[PDB]
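**Student:** Give me the fold of what follows.
(7 chains, ligands or ions: 9)
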Amino acid sequence: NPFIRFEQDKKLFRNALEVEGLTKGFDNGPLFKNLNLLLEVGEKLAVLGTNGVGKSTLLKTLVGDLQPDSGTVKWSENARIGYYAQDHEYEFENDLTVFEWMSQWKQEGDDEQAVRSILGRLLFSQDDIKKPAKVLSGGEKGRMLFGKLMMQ
Amino acid sequence: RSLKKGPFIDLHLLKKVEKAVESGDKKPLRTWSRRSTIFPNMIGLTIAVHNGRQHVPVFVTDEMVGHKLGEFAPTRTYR
Amino acid sequence: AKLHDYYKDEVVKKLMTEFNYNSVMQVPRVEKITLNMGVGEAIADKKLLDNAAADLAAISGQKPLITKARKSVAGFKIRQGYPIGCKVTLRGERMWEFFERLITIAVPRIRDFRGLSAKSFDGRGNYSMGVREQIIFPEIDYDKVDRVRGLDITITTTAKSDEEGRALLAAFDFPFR
Amino acid sequence: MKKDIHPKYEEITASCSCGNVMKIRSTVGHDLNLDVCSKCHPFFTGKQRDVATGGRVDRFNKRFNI
Amino acid sequence: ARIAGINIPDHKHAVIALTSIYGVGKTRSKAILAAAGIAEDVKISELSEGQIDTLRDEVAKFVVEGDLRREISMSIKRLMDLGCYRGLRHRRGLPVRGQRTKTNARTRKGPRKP
RNA sequence: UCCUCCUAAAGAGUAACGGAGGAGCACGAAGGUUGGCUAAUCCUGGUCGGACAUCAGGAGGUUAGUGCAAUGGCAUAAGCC
RNA sequence: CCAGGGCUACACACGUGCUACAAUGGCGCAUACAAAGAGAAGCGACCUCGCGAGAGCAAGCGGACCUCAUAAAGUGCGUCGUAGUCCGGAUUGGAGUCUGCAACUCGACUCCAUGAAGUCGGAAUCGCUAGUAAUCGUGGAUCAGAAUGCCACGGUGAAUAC
Ligand SMILES: Nc1ncnc2c1ncn2[C@@H]1O[C@H](COP(=O)(O)OP(=O)(O)OP(=O)(O)O)[C@@H](O)[C@H]1O
Ligand SMILES: [Mg+2]
Ligand SMILES: [Mg+2]
Ligand SMILES: [Mg+2]
Ligand SMILES: [Mg+2]
Ligand SMILES: [Mg+2]
Ligand SMILES: [Mg+2]
Ligand SMILES: [Mg+2]
Ligand code: NA
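**Tutor:** Residues are numbered from 1 along each chain as shown, chains lettered A, B, ... in the order given. Ligands and ions are numbered 1, 2, ... in the order given. Shown next is the structure:
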């Protein structure tokens, strides 16, 4: 059982998005029409659907990988957004080892502790922190992304 | 702070100081006045200020002109 | 080098006249400059050493050599081989360029300047100085850096004695007292 | 040198706040205009104006308008 | 967007931008805009650079962030070493303007400690 | 069971429930070769820096070092790249 | 009898209030609607000077006539567009005014600068049934000066009580 606990560097007070309209439909009829909603610093909002409804593209247009055809989103200017993307293969590239990968993050931290400790707190070892991070598989990559979230 | 004019100090202080400056540096000046500010002519003296039970001697340096004689005698103690 | 030409055209004759020398090669001459800084904090983070190396590579047009600990000590909890300091050696043309671009612009820029100490020789004609602020050099623009990390300048000269070193450096209008 | 292991090094033309144009080969990539150089630094003029802080005995006599 | 220390704030009206300077409040800032010939309601981005140089010279006549730090710090350092009553409160860490310390004065004493 | 020093009486060997310590490994380089280099500890100067981190000068000279206990040895280095 | 000092001392705990955490809010400009009361070593117009506290000259009033004394929330217009902010005002430095022989311990107020904690508050606890609660101002008692206290006056003005 790994020990993961995402903290908060700064607390947000009023709201996050206040989204009004996106009008986002790739090629066919838009999978959603209006989608005007707020958060008031809410929680969860577990979007669900079948295989092919558009949750991931909605999230991409929400974060900024893509943008809506017409409308705006706008975040709170003090926010900090972590993203566990649907696909994580564009991240694990360029022949970076585990240690270098998880050290490329961090704001003001030490390159020996809090980057080599955040790894040990989730089922990783001295042997692990030296193998290339590209040859990891599945749950290891997911835990790497969770570690990046905790670090950020 | 106080008023426009007339920095108020007591006669029984200026008169004592005038004889003190004439002779030169001497014994401490024993006074019971705390409400009299410090004029430029009193530098180099050793006036003593009443604190409620005794007199603590004080030597007038260059910066001690804008405050009265009672501003350099802590009137009560701590610890 | 403007300072090299100034040396060989004025300082040689000035020093021979002032000191009653027999040979033109008896005159004290500056032979090298050394810029270093032992970061110390690199124990728990190696990237700070690389940042320091970039700082010195900007300050002087060379690549710093990363120097390791000579012996282990438990006072500061270091071992042998740990990279601790960075150092740059300048001789000749680049040494003259750094000398000029220090003593003509960088020295005035230091906050609250009064004059470099004259009693800071090692009794053998050499000189040493600390800057305490890496941002007085124009190569650093106060936006790239993250610290106030300082540098040590060490002027190694041929001067036989500290008095001759003082005279030689005063010939270059060094900001003494 | 060692065949492109060092930063770039090209001649620049820096000037003071009163002119004093100088050519110094440095690693900046663009020239700069700065404050007084060693020529114009007031470490030999305002020395008295630097060690001058103080004064209240005279500042009371101007207050003494009587 | 630059003054002596930094005029970082854009999107701010002129009279409020110079308040970011350590040494300029509101009426002192109001004298900068009115005397130098700039309207109060102008947004910083819309101004030109030429007007800034007029601003930079005008503000620099005051004592500001660069030297206002020394003015207050040395003044206290005089009283601290003066032996004056007001100095002793600065030495101890108590209110100096003759106010209550029996139950209040948390601001000078910092957060409550047992 | 094996290794090192003394007892061991200046060749070798030599005992006691005599006096002191170690091993049951390690290394694909920590081996071969070629090229190069020389230590500990102190003084004076130097931003944080400190009794000792990093830099420059001097004295000293192998009192350093040797993957591992001790003896012998090592500058032509057997030590460091 | 007198001079100075203390009741204003502060690691801490409690009770009663005030000011705030802001957008049904701040800031600038302009304009309406009251009531009650005090004034003789006292209230003080108007005028001028001062950025402002105030200073100089100074009529009238021992008064339904004169003064204190321009009510404030409101309304209309503009900006601020959710930040420790154009909220908040503590703390502190400098220069001031006036009372009183005297403002350091220890007054009030104004000007410039600084701008903290605080982003609806744990167990628990308090007030109120109609011009009441909530909120906004005004006056007086004591008093040379010195109240967010107390005593009184008026504006706006609710929800619910099965
Ligand atoms: N590149 C694309 N081309 C065509 N259709 C797309 C594309 N990306 C998304 N979609 C459509 O958008 C719908 C919703 O997007 P999304 O990928 O989140 O769907 P999902 O199947 O619910 O999610 P996921 O499988 O990623 O967990 C999909 O069902 C699909 O029809
Ligand atoms: Mg034998
Ligand atoms: Mg024998
Ligand atoms: Mg035998
Ligand atoms: Mg070997
Ligand atoms: Mg060899
Ligand atoms: Mg070998
Ligand atoms: Mg009492
Ligand atoms: Na999806």
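**Student:** What number of residues are in the vicinity of residue D:65?
**Tutor:** Counted with other CB atoms under 10 Å in any protein chain shown, the neighbours of residue D:65 add up to 8. Yep, even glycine has a C-beta here, placed from its N, CA and C like the rest.
**Student:** what does residue B:16 give?
**Tutor:** Counted with other CB under 10 Å, residue B:16 comes out at 16.
**Student:** give me the element it is part of.
**Tutor:** Assigned by DSSP states H and E, residue B:16 belongs to helix B:11-23.
**Student:** residues making contact with the helix or strand following that helix?
**Tutor:** Counting by DSSP H and E, the element after helix B:11-23 in chain order, helix or strand, is strand B:29-30. For strand B:29-30, contacts defined as CB atoms under 8 Å, 6 or more residues apart in numbering or on different chains pick out B:16-17, B:20, B:45-48, B:55.
**Student:** how does it look with 6 Å?
**Tutor:** B:47-48 (CB atoms under 6 Å, 6 or more residues apart in numbering or on different chains).
**Student:** Equivalent analysis for stretch A:5-20, please.
**Tutor:** Identification of contacts with stretch A:5-20 by CB under 6 Å, 6+ apart yields A:36-41, A:73, A:76, A:149-150.
**Student:** and with 7 Å instead?
**Tutor:** Applying CB atoms under 7 Å, 6 or more residues apart in numbering or on different chains, the contact partners of stretch A:5-20 are A:35-41, A:71-76, A:78-80, A:149-150.
**Student:** do the same with stretch C:53-72
**Tutor:** By CB under 7 Å, 6+ apart, stretch C:53-72 touches C:35, C:49, C:78-88, C:90, C:94, C:98, C:134, C:137, C:139-140, C:145, C:149, C:151, D:5-7, D:9, D:27.
**Student:** ok, it near RNA strand F or not?
**Tutor:** Yes: against RNA strand F, stretch C:53-72 shows contacts by CB under 7 Å from any atom of the strand at C:67-71.
**Student:** Emit the PyMOL select command for whichever of the contacts of stretch C:53-72 are buried.
**Tutor:** Restricted to buried positions by 16 or more other CB atoms under 10 Å in any protein chain shown, the PyMOL selection for those reads:
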select buried, (chain C and resi 35+49+78+83+84+85+86+87+88+90+94+98+134+137+139+140+149+151) or (chain D and resi 7+27)
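**Student:** ok now stretch B:61-74, how far from the chain's centre?
**Tutor:** When C-alpha coordinates are averaged (CA atoms, centre = their mean, to the nearest Å), stretch B:61-74 and its chain have centres 7 Å apart.
**Student:** Same question for stretch B:33-42.
**Tutor:** That offset, for stretch B:33-42, works out to 5 Å (CA atoms, centre = their mean).
**Student:** buried ones in it?
**Tutor:** The neighbour-count check on stretch B:33-42 (16+ other CB under 10 Å) flags B:33-34, B:36-39, B:42 as buried.
**Student:** Report whether it contacts RNA strand G.
**Tutor:** Yes: using CB under 7 Å from any atom of the strand, stretch B:33-42 reaches RNA strand G at B:33-35.
**Student:** and which of those is nearest residue A:142?
**Tutor:** Using CB to CB, residue B:34 is the member of the residues of stretch B:33-42 next to RNA strand G that sits closest to residue A:142, with 77.2 Å.
**Student:** nearest spatial neighbour of the closest one, skipping sequence neighbours?
**Tutor:** residue B:70 (3.1 Å; CB to CB, 6 or more residues apart in numbering or on different chains).
**Student:** give the contact list for the one you found.
**Tutor:** B:34-35, B:49.
**Student:** Next, work out how far apart the closest residue to chain A within chain E and residue A:129 are.
**Tutor:** Taking CB to the nearest CB, chain A has its nearest neighbour within chain E at residue E:11, 10.9 Å off. Using CB to CB, to the nearest Å, we find residue E:11 at a distance of 45 Å from residue A:129.
**Student:** Same drill for the two, tell me which one is more crowded.
**Tutor:** A count of neighbours by other CB under 10 Å puts residue A:129 above the other of residue E:11 and residue A:129, at 19 against 9.
**Student:** Tell me which residues touch that one, please.
**Tutor:** Contacts of residue A:129 (CB under 7 Å, 6+ apart): A:98-99, A:116, A:119.
**Student:** Contact partners for the residue most central in space within chain B?
**Tutor:** The residue lying closest to the centre of chain B (CA atoms, centre = their mean) is residue B:69, at 3.9 Å. Residue B:69 sits next to B:33-34, B:36, B:38, B:47, B:49 when contact means CB under 7 Å, 6+ apart.
**Student:** Nearest residue to residue A:41 in space, please, no chain neighbours.
**Tutor:** Residue A:41's closest residue in space is residue A:12 (CB to CB, 6+ apart), at 5.4 Å.
**Student:** what do you get for residue C:56?
**Tutor:** Nearest residue to residue C:56, sequence neighbours excluded (CB to CB, 6+ apart): residue C:64, at 4.3 Å.
**Student:** In chain C, which residue sits nearest chain B?
**Tutor:** Closest point on chain C to chain B, by CB to the nearest CB, is residue C:112, at 23.1 Å.
**Student:** tell me which element the closest residue to RNA strand F within chain D is part of?
**Tutor:** Taking CB to the nearest atom of the strand as the measure, chain D has residue D:2 as its residue closest to RNA strand F, at 16.1 Å. For residue D:2, there is no helix or strand it lies in under DSSP H and E.
**Student:** Good, we can wrap up now.
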